[PDB]
Amino acid sequence: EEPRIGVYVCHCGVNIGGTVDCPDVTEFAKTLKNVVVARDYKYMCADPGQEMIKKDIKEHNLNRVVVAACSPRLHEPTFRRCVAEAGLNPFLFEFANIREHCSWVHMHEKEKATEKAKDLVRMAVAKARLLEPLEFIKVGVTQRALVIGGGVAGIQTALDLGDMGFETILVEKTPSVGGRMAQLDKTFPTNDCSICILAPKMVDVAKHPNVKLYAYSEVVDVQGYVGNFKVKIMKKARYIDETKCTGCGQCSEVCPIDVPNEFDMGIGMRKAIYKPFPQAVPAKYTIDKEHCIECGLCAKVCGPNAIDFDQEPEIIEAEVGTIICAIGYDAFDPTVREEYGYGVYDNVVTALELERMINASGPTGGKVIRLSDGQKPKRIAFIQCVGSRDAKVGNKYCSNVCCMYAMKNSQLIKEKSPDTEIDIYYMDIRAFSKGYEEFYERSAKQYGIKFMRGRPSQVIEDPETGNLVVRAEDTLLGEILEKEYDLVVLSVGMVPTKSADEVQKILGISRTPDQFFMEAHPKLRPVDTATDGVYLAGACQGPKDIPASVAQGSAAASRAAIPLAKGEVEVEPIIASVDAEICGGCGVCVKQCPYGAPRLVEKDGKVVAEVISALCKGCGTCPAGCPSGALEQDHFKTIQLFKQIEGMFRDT
Amino acid sequence: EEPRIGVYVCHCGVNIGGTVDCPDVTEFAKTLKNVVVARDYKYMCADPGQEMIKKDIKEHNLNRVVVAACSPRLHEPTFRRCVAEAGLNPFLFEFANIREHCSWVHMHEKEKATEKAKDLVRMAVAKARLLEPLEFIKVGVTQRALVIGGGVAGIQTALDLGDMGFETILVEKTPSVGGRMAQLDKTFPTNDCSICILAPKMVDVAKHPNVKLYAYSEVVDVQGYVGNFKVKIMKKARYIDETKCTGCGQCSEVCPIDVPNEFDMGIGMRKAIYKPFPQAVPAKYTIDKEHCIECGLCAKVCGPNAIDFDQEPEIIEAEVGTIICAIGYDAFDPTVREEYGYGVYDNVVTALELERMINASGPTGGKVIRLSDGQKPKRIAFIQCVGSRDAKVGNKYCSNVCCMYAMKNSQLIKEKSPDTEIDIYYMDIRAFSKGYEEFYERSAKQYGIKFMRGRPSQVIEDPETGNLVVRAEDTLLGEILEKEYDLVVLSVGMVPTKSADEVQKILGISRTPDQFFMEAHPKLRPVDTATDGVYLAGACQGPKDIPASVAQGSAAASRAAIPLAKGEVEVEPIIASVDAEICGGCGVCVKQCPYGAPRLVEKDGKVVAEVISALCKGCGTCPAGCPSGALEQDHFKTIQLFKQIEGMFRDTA
Ligand SMILES: Cc1cc2nc3c(=O)[nH]c(=O)nc-3n(C[C@H](O)[C@H](O)[C@H](O)COP(=O)(O)OP(=O)(O)OC[C@H]3O[C@@H](n4cnc5c(N)ncnc54)[C@H](O)[C@@H]3O)c2cc1C
Ligand SMILES: Cc1cc2nc3c(=O)[nH]c(=O)nc-3n(C[C@H](O)[C@H](O)[C@H](O)COP(=O)(O)OP(=O)(O)OC[C@H]3O[C@@H](n4cnc5c(N)ncnc54)[C@H](O)[C@@H]3O)c2cc1C
Ligand code: SF4
Ligand code: SF4
Ligand code: SF4
Ligand code: SF4
Ligand code: SF4
Ligand code: SF4
Ligand code: SF4
Ligand code: SF4
Ligand code: SF4
Ligand code: SF4
Ligand code: SF4
Ligand code: SF4
Ligand SMILES: [Fe+3]
């Protein structure tokens, strides 16, 4: 049959129509070959727009639909379901992006943006003519979930999934689950003991019948697609027998290597054999082989002889149907802002070091003391927006929690020492959620905490005393302040965690300008990714507090449970296939695929290539490299792209 | 069996031990009858502390545990599981609070704090002796959910549940789903149209095979408990057979009367025969009798014959296992702030009115106009924190979104009219989520929007020209500014929706100080309530933007799916029951229970009261009111409370 195309140009209210002359684009679209219907409407995705398309598909017997509107990364599934409801195969639909790619980037050149939209419509119509009916591929969904990261956000997702009756694997890289919440002393705005409320969750997840917890483990390989993932988990060697070891810790004394205790942000030293923190789950000790000198003194003191250096990492192969990434975040390193003196002055600390100093289980026994002389500081200055809202360090975002945690620990210091003077140097106080503004008022009226509106310009150490002078304009007075402090705390912001690069490559997910992981859309799908069957939860998706991470944890559990409950999803048939009559068995294509889908086989008494449809993801590399042209990926054939290139310059 | 009690005093580092002499409390506890083991430990809720209790339960054969530490509101579930692991029934454990209620409030009176802790331990032991082993009551869960409110939050909850395979009811008060997002033009920080994100969801929800949508309907009664709710829905009468209705809109043209259109916040005027907004779902029309005149004019032009004045509201009865409240919010009414002149000055408008003005599908065709001149204002002032962060109006909270939506609509005005000068009067710019700070930088750098740090003191109308003058200090200059504007927009804050009182009364849930609905825990249960089987989602739980409301909708669906997926839950047995041999059916209790649990029955010829265990929530009002003592609430018996009162003054020996 000859193509009968319907072209629909959206205004997106004014987001498109304000820049692109949408009526003039629809008029141009009618002059194109095979276009029988062309309309422009304010919202194509709204109910009147979808009913319009479907009514045209039936009344005009359309076999192709072109929508010139937003990105297909937003609404391609939406319109594929729309046209499929009217009978039209979902892959006779072509998307033209005239918003993100045109109207929003050419606002000052309306005439050229309109001409450009016409070209983009024509390139779409060109490819549309050669599109073919494809069948969505139904695949079974493995009734198991994987959660990477055992913080409050990942714990919440596993408990929710486990409580629904889904088998769930929880992989935690460090020896213990708990995340940074396990490092906090208290939590604003209620000042609940952080570990005391979280520990019952850590207990629950270790004891849960439907949750397998792999602590001191990391995901090292992910293969397959939604509902059909095959993952490798490396259970790293503690070099201690989980079964034969107490957790008493009488081998550290017999260790000559002192190692930066990362749980305490390096303020206190830990031994080569260690337990991260007392409330750790699982409560089993570990040996850091990186700093281990293998002198064996611990093994002589060890009674059970649980110590075995021969211990090897064990790889777990497991099939899951959905994956939730919840690997958290790290604290910004404020060394780059040299005028503040971190790493140079003894008495400049980050706020997350402060959390460990204030915490009773912390290295200092909960006592805030200067790192130069060990005395208690009587004057303390907080500096806000350190590493955030700062183009000089590349972090132009707001870290969301630093305003609240700076007032929090100012309250906790006042409670342990009422006569401490505390000044907070801020730009905006962002106390934006339920009880936050009240917490902000409380900090000033009840705890007498001072607020200076003025980002400090530099910190100057008195080399005699070790004290610090903070210099800032009191912008609410128009005068330059130069107050002296005994301790300066840098309210450092949040950055992605160190391993976010490794995880990103394994899962195949993107990143937003803030370097955190990219949701499919901030409002349509706040915890989905554009990778089907992969979801986000918590601070790894962006800076946020505990209730926000927990909500995302539960949200990601709901979203990840949909394919598991359905038991069956559909994947795109944009796969490569070999034409046996043209393939001469050259061998070029088999090494090109990273999943080994193309293979050399003998057919009809001769050698041809053949691709296992199940191993092909649809990248299209091997068809592009095929010398004979026997390889082709559907929906992206060379002839279809050829017509699209012609469509820019001329109709066909 | 004679009580064998273990008493555990906790130091909580020095939180308790610094003020209360715990070793002294411990020694005193061993003087009380039935105390077999007593010890102080630094962290009782820590694993070594729990292992110390469970291990004593077995070695010393204890049948009661007292822990003097923090509040039961924190660790009561913690220690109940601890003792259950050791074979001891969880209701033979009693919590004494010596931190929140003693050491932390008597820091300067240590001697008296120690003596107080001793009385609090003795009162705990005293009740502990008479505690009884109880069993959790298992109940089935109806495999269906109910969502109340069809904004982004409620829609998201229904689609997630429906997609999981659970039958779901979605009740929407207005003729159309969509909520306040439907009223917005664009949405920060992507500046999509609201229709971009919402309308496909509205479409999906209406045709979902597992979602029954009851638009123009309201819940009017809810009875029962988790997994066993019996709800009554009043499906209001549209006076148009929806099955026959086409939504073409031919009828609206003929209508001879006009009506203030609430969807446009009293700006645009509609017919009594109407559909809220052009993209409304269901795409059906509604007749409002408050103004209908019944001349048949609408029916004459309608082909289908859907119009029908004989319609009567229908009441639907449905079993559900879980309920999600997502009834949204209302804009603050800034009339009470007299200094700004809303309701007095023509050209003072709220921000939600501005959204209806700027929206392409709006009564003004997307044209920002002065409501006095009809002209386009070339100078516009935004005033932040209207009705928020203000003790004079009883709203001491931050409404979360007003900073961003003010910068949003400023960008959109600048796009439609670059010549417009826009000044935002603010205290703090709260651009706190992903891309927000960048949105904030973009508003100033790219769109040349101006920010004045200074909360305006008053708005002075020019009666002659309708122009407005805004008096405020430029706090960043130390000078008083008096600039003139063609239009002033009040960035009003969020407040609970008018019908929130009705919904609260029906579902029996609490409210936070800000008057929004109270979550079960402010940190770890953001979408649960203290009422089992009832959950929250969206702005009715507190001021928040669309991404947060959508994430809560998906979070509430996960939480509300746990009982549905389990098909069974447990209810606490701290319930009331009748001793048939003591009750002579006086009838005092029946009317005391707001859930109708106690009932008069006839067994063995006589009348006797009887409590339906499933209907009892454990308040204990009617046992306190029973004159014969036949009625007792397990775990709070009169005799148990009597012992506790004596324990304040003497050992129960
Ligand atoms: C100084 C400071 C004070 C704060 N105060 C508060 C407060 O008072 N109240 C509040 O609500 N919020 C506060 N926050 C924010 C709070 O810490 C976060 O909201 C919270 O930690 C988010 O939990 P999460 O699980 O999403 O991330 P995380 O807590 O960081 O947990 C992520 C987990 O994943 C693990 N992980 C990381 N990489 C991998 C990998 N490759 N494989 C497997 N596992 C991995 C990590 O070990 C960690 O256990 C504060 C933050 C800071 C910096
Ligand atoms: C001027 C303004 C601009 C804004 N701009 C933005 C923006 O740009 N970006 C952004 O993300 N957010 C913005 N917001 C916030 C946004 O409006 C909310 O986050 C969002 O509307 C919350 O959705 P919701 O479903 O929770 O509540 P709602 O949107 O209010 O929906 C509640 C629904 O429940 C229904 N309902 C109410 N009572 C009952 C009852 N008794 N029975 C049954 N149903 C009932 C209502 O009819 C309504 O459909 C803005 C808010 C305002 C005021
Ligand atoms: S979304 Fe894509 S489609 Fe729905 S409106 Fe904005 S643009 Fe037109
Ligand atoms: S010492 Fe031997 S035993 Fe005591 S802990 Fe270290 S390992 Fe387990
Ligand atoms: S061996 Fe490696 S670890 Fe065991 S002690 Fe000597 S050092 Fe510390
Ligand atoms: S939060 Fe308060 S501090 Fe942390 S960034 Fe946004 S503003 Fe600067
Ligand atoms: S390359 Fe083209 S031709 Fe050479 S084998 Fe793979 S397919 Fe057959
Ligand atoms: S296409 Fe990309 S993926 Fe499908 S096979 Fe050839 S290579 Fe492996
Ligand atoms: S128990 Fe309540 S009090 Fe005793 S420690 Fe754990 S928390 Fe601090
Ligand atoms: S006319 Fe009869 S049908 Fe056409 S809309 Fe008004 S009502 Fe629905
Ligand atoms: S009848 Fe009621 S509704 Fe139908 S037209 Fe006359 S008025 Fe408008
Ligand atoms: S949001 Fe910006 S505006 Fe709305 S209140 Fe909190 S601060 Fe005042
Ligand atoms: S009140 Fe006490 S006594 Fe009178 S009936 Fe209800 S129960 Fe039997
Ligand atoms: S206790 Fe409160 S609830 Fe349980 S019955 Fe007596 S009254 Fe009704
Ligand atoms: Fe505790």
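So basically every Cβ, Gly included, is an ideal-geometry build from the backbone, and we count neighbours across all protein chains shown. Only the coordinates and a few stated rules stand behind these numbers; no lab work does.
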>> I'd like the FRET efficiency for A:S510 and A:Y595, computed as 1/(1 + (r/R0)^6) with the beta carbon distance as r and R0 of 22 Å, rounded to 0.05.
In response: 0.60
> Could you give me the ³J(HN,Hα) list for region B:523-540, computed from phi with Karplus coefficients 6.51, -1.76, 1.60 and θ = phi - 60°, whole Hz, x at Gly and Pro?
Replying inline: 10, 10, 9, x, 10, 8, 10, 5, 8, 5, x, 10, 9, 10, 6, x, 6, 5
> How far, in nm, would the chain grow between A:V607 and A:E482 when pulled straight, counting 0.36 nm per residue and subtracting the alpha carbon separation?
Replying inline: 36.8 nm
>> Show me the three semi-axes of the equivalent ellipsoid for region A:50-101, from the C-alpha gyration tensor (sqrt of 5 times each eigenvalue), largest first, rounded to whole Å.
In response: 19, 10, 9
> Roughly what angle does helix B:110-129 make with the longest principal axis of chain B, taking Cα atoms, 0 to 90 degrees, to the nearest 10?
Replying inline: 80
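Using a Förster distance of 25 Å, how high is the FRET efficiency between B:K230 and B:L134, based on the Cβ-Cβ distance and rounded to 0.05?
Using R0 = 25 Å, I get an efficiency of 0.40.
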> Antiparallel as a % of all DSSP beta bridges within region A:373-514, to the nearest 5?
Replying inline: 45
> Roughly speaking, what % of Cα-Cα pairs in region A:178-305 are separated by over 21 Å, rounded to a whole number?
Replying inline: 53
> Taking neighbour counts of Cβ atoms within 10 Å as a proxy for exposure, in what order, fewest first, do A:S194, B:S194 appear?
Replying inline: A:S194, B:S194
> Any idea what the dipole of chain A comes to, in debye rounded to 20, about its Cα centre with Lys/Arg Cβ at +1 and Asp/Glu Cβ at -1?
Replying inline: 840
>> For the protein assembly as shown, give me the percentage of DSSP beta bridges that are antiparallel, rounded to the nearest 5 percent.
In response: 50
> So for the pair A:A580, B:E100, with labels modelled 7 Å out along Cα→Cβ, what separation do we get in nm?
Replying inline: 7.4
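For A:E438, what charge total do you get from the other residues with a beta carbon under 12 Å from its beta carbon, if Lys and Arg give +1 and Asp and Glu give -1?
Values: positive: A:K434, A:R442, A:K445, B:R389, B:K396; negative: A:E437, A:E441, B:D514.
Cβ neighbours under 12 Å give a net charge of +2.
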> Under the Karplus relation 6.51 cos²θ - 1.76 cosθ + 1.60, θ = phi - 60°, what is the ordered set of whole-Hz ³J(HN,Hα) values for region B:605-616, x standing for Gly and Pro?
Replying inline: x, 8, 8, 9, 6, 7, 9, 6, 3, 5, 8, 8
> Does anything in region B:540-578 have its amide N under 15 Å from the 7 Å Cα→Cβ label point of B:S499, and if so which residues?
Replying inline: B:540
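Once fully extended, how much extra length lies between B:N210 and B:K376, figured as 0.36 nm per residue of separation less the alpha-carbon to alpha-carbon distance?
55.0 nm
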> When A:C589, B:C295 are ordered from fewest to most other Cβ atoms inside 10 Å of their Cβ, what list results?
Replying inline: B:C295, A:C589
> Over its Cα atoms, what ratio of radius of gyration to 2.2 N^0.38 Å does region A:294-445 give?
Replying inline: 1.44
> Measuring from label point to label point, each 7 Å out along Cα→Cβ, what is the A:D330 to A:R471 span in nm?
Replying inline: 3.2
> Applying the Karplus parametrisation 6.51 cos²θ - 1.76 cosθ + 1.60 with θ = phi - 60° to the phi angles of region B:391-397, what ³J(HN,Hα) value in whole Hz is obtained for each residue in order, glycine and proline being reported as x?
Replying inline: 6, 5, 10, x, 10, 8, 10
> What is the magnitude of the charge dipole of region B:384-499 about its Cα centre, with +1 placed on the Cβ of each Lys and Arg, -1 on the Cβ of each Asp and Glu, and no other charges, expressed in debye to the nearest 20?
Replying inline: 760
> So for region A:527-652, what percent of the C-alpha to C-alpha distances run longer than 20 Å?
Replying inline: 61
> So for the pair B:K392, A:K416, with labels modelled 7 Å out along Cα→Cβ, what separation do we get in nm?
Replying inline: 4.1
> Can you give the charge dipole size of region A:49-151 about its Cα centre, rounded to the nearest 20 debye, using +1 on the beta carbon of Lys and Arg and -1 on the beta carbon of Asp and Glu?
Replying inline: 140
> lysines within cross-link reach of B:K30: Cα-Cα under 28 Å, excluding same-chain residues under 8 positions apart?
Replying inline: B:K42, B:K54, B:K55, B:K58, B:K110, B:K112, B:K116, B:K118, B:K127, B:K637, B:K643
> What are the residues whose amide H is under 5 Å from the amide H of B:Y285, where those residues sit 5 or more places off or on another chain and H is modelled from the backbone?
Replying inline: B:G247
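Local charge sum around A:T286 (other residues, Cβ-Cβ under 10 Å, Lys/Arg +1, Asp/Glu -1)?
Here the count lands on +4.
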>> Just to confirm the number: angle between the C-alpha axis of helix B:194-206 and the first principal axis of chain B, 0 to 90 degrees, nearest 10?
In response: 60
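Can you give me the convex hull volume of the Cα atoms of the protein assembly as shown, divided per residue and expressed in Å³?
Considering the Cα atoms of the protein assembly as shown, their hull volume per residue is 222 Å³.
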> Suppose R0 equals 56 Å; then what is the FRET efficiency for B:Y447 and B:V588 from their Cβ-Cβ distance, rounded to the nearest 0.05?
Replying inline: 0.20
>> Using only the alpha-carbon atoms, how far is helix B:47-59 inclined from the longest principal axis of chain B? Give it as 0 to 90 degrees, nearest 10.
In response: 40
>> Please report the antiparallel percentage of DSSP beta bridges with both residues in chain A, rounded to the nearest 5.
In response: 50
>> Show me, bin by bin at 5 Å from 0, the whole-percent P(r) of region A:367-478 based on Cα pairs.
In response: 2, 11, 19, 21, 21, 16, 8, 2, 0, 0
